[PDB]
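> this one is an experimental structure. Sequence first:
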Number of protein chains: 2
Amino acid sequence: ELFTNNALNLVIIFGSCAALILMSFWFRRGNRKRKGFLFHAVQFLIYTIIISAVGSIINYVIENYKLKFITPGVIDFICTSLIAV
Amino acid sequence: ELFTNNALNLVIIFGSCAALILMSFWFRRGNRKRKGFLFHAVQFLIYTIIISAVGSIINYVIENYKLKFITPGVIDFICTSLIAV
């Protein structure tokens, strides 16, 4: 659905939009338009936040529609692999 | 509700008021109007007490009205992150 899916998503779905806003701010770089070290650190941090939110997003999808065969072990393994990469 | 919610809150809700009184006392600084080291330590301690009380406060909210989708793991992660910050 659309309204029911949005209601069940709670703030997990809005995490992607918040992270997009944060990425736009980092493109503006906030206080000063610079990059190096800490900039990459905070970018990696909010990417990890993106993946953490996506974990709950996909956790709700197979819980509110159908369990199917996702076996969330594999998706958390994939998320850890992406974080490592 | 108002009366039922207050009765179910017990002393967890009053923890915020007690901490506000303690913060006012620390602004008065009790024995002597000074700051440094131990002052920041006790302030951090009573902030941690604030967050610990808020944990039970929000634990009762979704237990007495509706479980919803809070997943208290994320809120305790957030509280630990705030304490670290």
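Yes, it's here. Numbering: from 1, shown residues only, chains lettered A, B, ... in the order given.
> count the neighbours of the residue lying closest to residue A:68 once chain neighbours are set aside for me.
Nearest residue to residue A:68, sequence neighbours excluded (Cβ to Cβ, 6 or more residues apart in numbering or on different chains): residue A:62, at 5.6 Å. Using the backbone N, CA and C atoms, a C-beta is placed for each residue, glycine as well. Per other Cβ atoms under 10 Å in any protein chain shown, the neighbour tally for residue A:62 reads 15.
> contacts only, for the residue lying farthest from the centre of chain A.
When each C-alpha in chain A is compared with the mean C-alpha position (Cα atoms, centre = their mean), residue A:32 comes out farthest, at 25.6 Å. For residue A:32, no residue counts as a contact, taking Cβ atoms under 8 Å, 6 or more residues apart in numbering or on different chains as the criterion.
> regarding it, what is its secondary structure?
Assigned with DSSP: H, G, I helix; E, B strand; the rest coil, residue A:32 falls in the coil class.
> just to revisit the earlier point, for the helix or strand the residue nearest to residue A:68 falls within, buried residues please.
Assessed by DSSP states H and E, residue A:62 sits inside helix A:38-64. By neighbour count on 16 or more other Cβ atoms under 10 Å in any protein chain shown, the buried set for helix A:38-64 is A:50, A:52-54, A:56, A:58-60.
> columns distance to residue A:12 on top of those residues, output as a markdown table?
Converted to a markdown table, those look like this (distance: Cβ to Cβ, whole Å):
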| residue | distance to residue A:12 |
| --- | --- |
| A:50 | 11 |
| A:52 | 9 |
| A:53 | 5 |
| A:54 | 8 |
| A:56 | 5 |
| A:58 | 9 |
| A:59 | 9 |
| A:60 | 7 |
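> can you narrow the residues you listed to ones near chain B?
A:56, A:60 (Cβ under 8 Å from any Cβ of the partner chain).
> quote the end-to-end distance of stretch A:61-79.
Here the two ends of stretch A:61-79 are set 17 Å apart, with distance taken as Cα to Cα, to the nearest Å.
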